[PDB]
Amino acid sequence: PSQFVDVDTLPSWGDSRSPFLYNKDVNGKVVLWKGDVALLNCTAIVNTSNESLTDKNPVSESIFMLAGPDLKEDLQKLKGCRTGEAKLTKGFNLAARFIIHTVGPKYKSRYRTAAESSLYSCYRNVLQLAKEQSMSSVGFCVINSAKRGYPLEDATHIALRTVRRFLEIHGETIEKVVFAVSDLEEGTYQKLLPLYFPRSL
């Protein structure tokens, strides 16, 4: 039997007071899934890391384990990744063709505008890469790691708003965006999805 999670089997948000208008087409591309992003057969899955690409966190731990050691050669070639930027590697043993590696900000209240700008750039640059590579699906992890301390609800507004706006303009080439969540984040995503992706008219 297969060792991965098929994005085709996952129910879409379009199956289940905001400024955003109902948009059936965009809603059909969004998926909320509680599970380990590393299992997904999306074109690319997203790894969240530090500037040296050596961060130990639950997302990276699964991804590195499932990709295997051939990843380390690809990874050194990159020579880090700056806060807010995204970088492509092959997926090696992962079900996904690519990994997009990115680095969220270490959140500090005194740098709140900078943290917002950096997190926004993470999501924007992942999506930029996906468009550039003509990818049909992207599996997002929660880019804000618990250890970097971004307030979860604020972070989730940025994630959903950015994907909404990108899908409105550049959606046609993309079939699915999956927000892979753990129990920690699911409720907040469930809470906010209706605001960025209203279901009724």
# chains A, B, ... in the order shown; residues from 1 in each chain; ligands from 1

$ residues_around --residues "residue A:141" --least-positions-apart "4" --cutoff "10 Å" --atoms "only C-alpha atoms" --output "list in words"
residues 35, 36, 37, 38, 45, 46, 47, 48, 59, 60, 145, 178, 179, 180, 181 and 182 of chain A

$ write_last_selection --atoms "N, CA, C and O atoms" --output "PDB file, in the first residue's frame"
ATOM      1  N   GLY A  35      -2.734  17.200   9.469  1.00  0.00           N
ATOM      2  CA  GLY A  35      -1.787  16.113   9.192  1.00  0.00           C
ATOM      3  C   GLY A  35      -0.389  16.633   8.955  1.00  0.00           C
ATOM      4  O   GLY A  35      -0.168  17.849   8.963  1.00  0.00           O
ATOM      5  N   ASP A  36       0.541  15.712   8.730  1.00  0.00           N
ATOM      6  CA  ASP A  36       1.957  16.025   8.549  1.00  0.00           C
ATOM      7  C   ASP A  36       2.190  16.398   7.082  1.00  0.00           C
ATOM      8  O   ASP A  36       2.003  15.573   6.206  1.00  0.00           O
ATOM      9  N   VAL A  37       2.579  17.647   6.837  1.00  0.00           N
ATOM     10  CA  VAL A  37       2.784  18.147   5.484  1.00  0.00           C
ATOM     11  C   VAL A  37       3.717  17.244   4.650  1.00  0.00           C
ATOM     12  O   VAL A  37       3.541  17.129   3.442  1.00  0.00           O
ATOM     13  N   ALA A  38       4.686  16.599   5.292  1.00  0.00           N
ATOM     14  CA  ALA A  38       5.635  15.765   4.608  1.00  0.00           C
ATOM     15  C   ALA A  38       5.024  14.570   3.875  1.00  0.00           C
ATOM     16  O   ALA A  38       5.664  14.001   3.000  1.00  0.00           O
ATOM     17  N   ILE A  45       5.899  20.852  -1.229  1.00  0.00           N
ATOM     18  CA  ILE A  45       5.577  21.102   0.162  1.00  0.00           C
ATOM     19  C   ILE A  45       6.567  22.126   0.696  1.00  0.00           C
ATOM     20  O   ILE A  45       7.671  22.318   0.146  1.00  0.00           O
ATOM     21  N   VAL A  46       6.142  22.805   1.747  1.00  0.00           N
ATOM     22  CA  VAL A  46       6.874  23.905   2.320  1.00  0.00           C
ATOM     23  C   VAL A  46       7.510  23.527   3.674  1.00  0.00           C
ATOM     24  O   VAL A  46       6.859  22.999   4.553  1.00  0.00           O
ATOM     25  N   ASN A  47       8.804  23.776   3.771  1.00  0.00           N
ATOM     26  CA  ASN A  47       9.590  23.600   4.962  1.00  0.00           C
ATOM     27  C   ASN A  47       9.828  24.991   5.531  1.00  0.00           C
ATOM     28  O   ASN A  47       9.969  25.969   4.787  1.00  0.00           O
ATOM     29  N   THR A  48       9.731  25.093   6.845  1.00  0.00           N
ATOM     30  CA  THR A  48       9.999  26.335   7.554  1.00  0.00           C
ATOM     31  C   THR A  48      11.239  26.139   8.415  1.00  0.00           C
ATOM     32  O   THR A  48      11.372  25.094   9.084  1.00  0.00           O
ATOM     33  N   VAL A  59       8.127  20.440  11.860  1.00  0.00           N
ATOM     34  CA  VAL A  59       7.908  20.392  10.424  1.00  0.00           C
ATOM     35  C   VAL A  59       9.149  19.865   9.736  1.00  0.00           C
ATOM     36  O   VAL A  59       9.093  18.830   9.035  1.00  0.00           O
ATOM     37  N   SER A  60      10.286  20.532   9.983  1.00  0.00           N
ATOM     38  CA  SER A  60      11.558  20.169   9.397  1.00  0.00           C
ATOM     39  C   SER A  60      12.009  18.765   9.764  1.00  0.00           C
ATOM     40  O   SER A  60      12.684  18.109   8.972  1.00  0.00           O
ATOM     41  N   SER A 145       6.715  29.020  13.029  1.00  0.00           N
ATOM     42  CA  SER A 145       6.984  27.931  13.990  1.00  0.00           C
ATOM     43  C   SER A 145       6.655  28.399  15.400  1.00  0.00           C
ATOM     44  O   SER A 145       6.763  29.588  15.703  1.00  0.00           O
ATOM     45  N   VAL A 178      -3.003  23.481   0.012  1.00  0.00           N
ATOM     46  CA  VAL A 178      -3.333  22.760   1.206  1.00  0.00           C
ATOM     47  C   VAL A 178      -2.656  23.425   2.371  1.00  0.00           C
ATOM     48  O   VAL A 178      -1.428  23.571   2.390  1.00  0.00           O
ATOM     49  N   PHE A 179      -3.472  23.814   3.344  1.00  0.00           N
ATOM     50  CA  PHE A 179      -2.978  24.246   4.640  1.00  0.00           C
ATOM     51  C   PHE A 179      -2.950  23.038   5.565  1.00  0.00           C
ATOM     52  O   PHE A 179      -4.002  22.628   6.058  1.00  0.00           O
ATOM     53  N   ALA A 180      -1.764  22.446   5.722  1.00  0.00           N
ATOM     54  CA  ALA A 180      -1.508  21.363   6.659  1.00  0.00           C
ATOM     55  C   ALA A 180      -1.330  21.917   8.064  1.00  0.00           C
ATOM     56  O   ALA A 180      -0.433  22.749   8.307  1.00  0.00           O
ATOM     57  N   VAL A 181      -2.168  21.460   8.988  1.00  0.00           N
ATOM     58  CA  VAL A 181      -2.165  21.975  10.359  1.00  0.00           C
ATOM     59  C   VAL A 181      -2.044  20.849  11.389  1.00  0.00           C
ATOM     60  O   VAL A 181      -2.280  19.702  11.080  1.00  0.00           O
ATOM     61  N   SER A 182      -1.632  21.186  12.604  1.00  0.00           N
ATOM     62  CA  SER A 182      -1.705  20.244  13.727  1.00  0.00           C
ATOM     63  C   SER A 182      -2.837  20.686  14.628  1.00  0.00           C
ATOM     64  O   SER A 182      -3.525  21.660  14.335  1.00  0.00           O
TER      65      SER A 182
END

$ select_by_dssp --residues "chain A" --states "strand (DSSP E or B)" --output "PyMOL selection string"
chain A and resi 5+30-34+40+44-48+86-90+98-102+137-140+176-181

$ write_last_selection --atoms "N, CA, C and O atoms" --output "compact mmCIF listing (two decimals), in the first residue's frame"
# COMPACT_ATOMS: atom_id res chain seq x y z
N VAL A 5 -0.12 10.62 1.39
CA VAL A 5 -1.47 11.14 1.40
C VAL A 5 -1.75 11.83 0.07
O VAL A 5 -1.05 12.76 -0.33
N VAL A 30 -8.87 25.57 -2.16
CA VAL A 30 -8.35 25.60 -0.81
C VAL A 30 -8.74 24.34 -0.07
O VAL A 30 -9.89 23.90 -0.14
N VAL A 31 -7.77 23.78 0.64
CA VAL A 31 -7.95 22.61 1.45
C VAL A 31 -7.35 22.84 2.85
O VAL A 31 -6.19 23.25 2.99
N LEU A 32 -8.14 22.55 3.89
CA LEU A 32 -7.62 22.49 5.25
C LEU A 32 -7.48 21.04 5.68
O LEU A 32 -8.45 20.29 5.65
N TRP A 33 -6.29 20.65 6.11
CA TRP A 33 -6.04 19.26 6.40
C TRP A 33 -5.22 19.15 7.64
O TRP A 33 -4.11 19.71 7.70
N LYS A 34 -5.74 18.43 8.64
CA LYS A 34 -4.94 18.17 9.82
C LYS A 34 -4.04 16.97 9.58
O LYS A 34 -4.51 15.85 9.48
N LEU A 40 2.31 14.73 1.99
CA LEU A 40 1.46 15.14 0.89
C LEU A 40 2.13 15.00 -0.47
O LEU A 40 3.29 15.32 -0.62
N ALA A 44 4.82 20.79 -4.61
CA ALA A 44 5.76 21.22 -3.60
C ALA A 44 5.11 21.24 -2.21
O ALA A 44 3.93 21.57 -2.05
N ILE A 45 5.90 20.85 -1.23
CA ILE A 45 5.58 21.10 0.16
C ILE A 45 6.57 22.13 0.70
O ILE A 45 7.67 22.32 0.15
N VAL A 46 6.14 22.80 1.75
CA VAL A 46 6.87 23.91 2.32
C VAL A 46 7.51 23.53 3.67
O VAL A 46 6.86 23.00 4.55
N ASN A 47 8.80 23.78 3.77
CA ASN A 47 9.59 23.60 4.96
C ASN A 47 9.83 24.99 5.53
O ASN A 47 9.97 25.97 4.79
N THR A 48 9.73 25.09 6.85
CA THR A 48 10.00 26.34 7.55
C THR A 48 11.24 26.14 8.42
O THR A 48 11.37 25.09 9.08
N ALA A 86 12.22 32.47 -0.21
CA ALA A 86 11.95 31.05 -0.42
C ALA A 86 12.90 30.46 -1.44
O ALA A 86 13.31 31.14 -2.38
N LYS A 87 13.22 29.19 -1.27
CA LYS A 87 14.17 28.49 -2.12
C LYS A 87 13.76 27.03 -2.38
O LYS A 87 13.37 26.30 -1.45
N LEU A 88 13.93 26.61 -3.63
CA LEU A 88 13.46 25.33 -4.10
C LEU A 88 14.55 24.28 -4.00
O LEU A 88 15.73 24.54 -4.32
N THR A 89 14.18 23.09 -3.54
CA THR A 89 15.00 21.87 -3.78
C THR A 89 14.11 20.77 -4.32
O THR A 89 12.87 20.88 -4.32
N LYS A 90 14.73 19.68 -4.77
CA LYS A 90 14.00 18.47 -5.08
C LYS A 90 13.47 17.89 -3.77
O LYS A 90 13.93 18.26 -2.68
N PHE A 98 8.93 18.74 -5.13
CA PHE A 98 9.81 19.77 -4.61
C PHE A 98 9.55 20.07 -3.16
O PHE A 98 8.48 19.83 -2.65
N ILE A 99 10.56 20.64 -2.51
CA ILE A 99 10.36 21.30 -1.23
C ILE A 99 10.65 22.76 -1.50
O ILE A 99 11.65 23.07 -2.17
N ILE A 100 9.79 23.64 -0.99
CA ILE A 100 10.10 25.06 -0.93
C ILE A 100 10.49 25.39 0.52
O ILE A 100 9.68 25.23 1.44
N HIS A 101 11.73 25.83 0.72
CA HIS A 101 12.22 26.16 2.03
C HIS A 101 12.05 27.65 2.25
O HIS A 101 12.40 28.47 1.36
N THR A 102 11.55 28.02 3.41
CA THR A 102 11.42 29.43 3.74
C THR A 102 11.74 29.69 5.22
O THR A 102 11.86 28.74 5.99
N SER A 137 -0.06 22.12 -7.37
CA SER A 137 -0.46 22.18 -5.96
C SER A 137 0.71 22.48 -5.04
O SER A 137 1.89 22.17 -5.34
N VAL A 138 0.38 23.15 -3.94
CA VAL A 138 1.33 23.53 -2.89
C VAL A 138 0.75 23.12 -1.52
O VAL A 138 -0.41 23.42 -1.21
N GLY A 139 1.52 22.35 -0.77
CA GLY A 139 1.23 22.02 0.61
C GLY A 139 1.96 22.95 1.56
O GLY A 139 3.15 22.85 1.74
N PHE A 140 1.23 23.88 2.15
CA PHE A 140 1.79 24.74 3.18
C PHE A 140 1.83 24.07 4.53
O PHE A 140 0.86 23.46 4.95
N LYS A 176 -4.70 23.22 -6.32
CA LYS A 176 -4.93 23.06 -4.88
C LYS A 176 -3.84 23.74 -4.04
O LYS A 176 -2.64 23.72 -4.39
N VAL A 177 -4.29 24.38 -2.98
CA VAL A 177 -3.42 24.87 -1.92
C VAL A 177 -3.92 24.19 -0.66
O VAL A 177 -5.12 24.24 -0.34
N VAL A 178 -3.00 23.48 0.01
CA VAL A 178 -3.33 22.76 1.21
C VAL A 178 -2.66 23.42 2.37
O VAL A 178 -1.43 23.57 2.39
N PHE A 179 -3.47 23.81 3.34
CA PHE A 179 -2.98 24.25 4.64
C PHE A 179 -2.95 23.04 5.56
O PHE A 179 -4.00 22.63 6.06
N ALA A 180 -1.76 22.45 5.72
CA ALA A 180 -1.51 21.36 6.66
C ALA A 180 -1.33 21.92 8.06
O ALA A 180 -0.43 22.75 8.31
N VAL A 181 -2.17 21.46 8.99
CA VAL A 181 -2.16 21.98 10.36
C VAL A 181 -2.04 20.85 11.39
O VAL A 181 -2.28 19.70 11.08

$ closest_residue --among "A:94, A:135, A:10, A:123" --to "residue A:165" --atoms "only C-alpha atoms"
A:123

$ closest_residue --among "A:92, A:166, A:20, A:107" --to "residue A:200" --atoms "only C-alpha atoms"
A:20

$ select_by_dssp --residues "stretch 136-177 of chain A" --states "alpha helix (DSSP H)" --output "list in words"
residues 152, 153, 154, 155, 156, 157, 158, 159, 160, 161, 162, 163, 164, 165, 166, 167, 168, 169 and 170 of chain A

$ atom_distance --atom1 "atom CA of residue A:18" --atom2 "atom CA of residue A:186"
20.1 Å

$ residues_around --residues "residue A:120" --least-positions-apart "6" --cutoff "8 Å" --atoms "only C-alpha atoms" --output "list in words"
residues 84, 158, 159 and 162 of chain A

$ write_last_selection --atoms "N, CA, C and O atoms" --output "PDB file, in the first residue's frame"
ATOM      1  N   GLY A  84      12.130  35.707   5.165  1.00  0.00           N
ATOM      2  CA  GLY A  84      11.192  36.130   4.152  1.00  0.00           C
ATOM      3  C   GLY A  84      11.373  35.553   2.772  1.00  0.00           C
ATOM      4  O   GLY A  84      10.480  35.663   1.958  1.00  0.00           O
ATOM      5  N   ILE A 158      -2.496  36.639   8.093  1.00  0.00           N
ATOM      6  CA  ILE A 158      -1.545  36.920   7.014  1.00  0.00           C
ATOM      7  C   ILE A 158      -1.517  35.772   6.018  1.00  0.00           C
ATOM      8  O   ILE A 158      -1.604  35.983   4.810  1.00  0.00           O
ATOM      9  N   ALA A 159      -1.423  34.547   6.522  1.00  0.00           N
ATOM     10  CA  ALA A 159      -1.362  33.380   5.657  1.00  0.00           C
ATOM     11  C   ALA A 159      -2.609  33.312   4.741  1.00  0.00           C
ATOM     12  O   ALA A 159      -2.488  33.211   3.513  1.00  0.00           O
ATOM     13  N   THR A 162      -3.057  36.409   2.218  1.00  0.00           N
ATOM     14  CA  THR A 162      -2.090  36.363   1.123  1.00  0.00           C
ATOM     15  C   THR A 162      -2.455  35.312   0.088  1.00  0.00           C
ATOM     16  O   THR A 162      -2.370  35.531  -1.154  1.00  0.00           O
TER      17      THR A 162
END

$ closest_residue --among "A:93, A:109, A:188, A:173" --to "residue A:132" --atoms "only C-alpha atoms"
A:173

$ closest_residue --among "A:53, A:4, A:27, A:115" --to "residue A:149" --atoms "only C-alpha atoms"
A:115
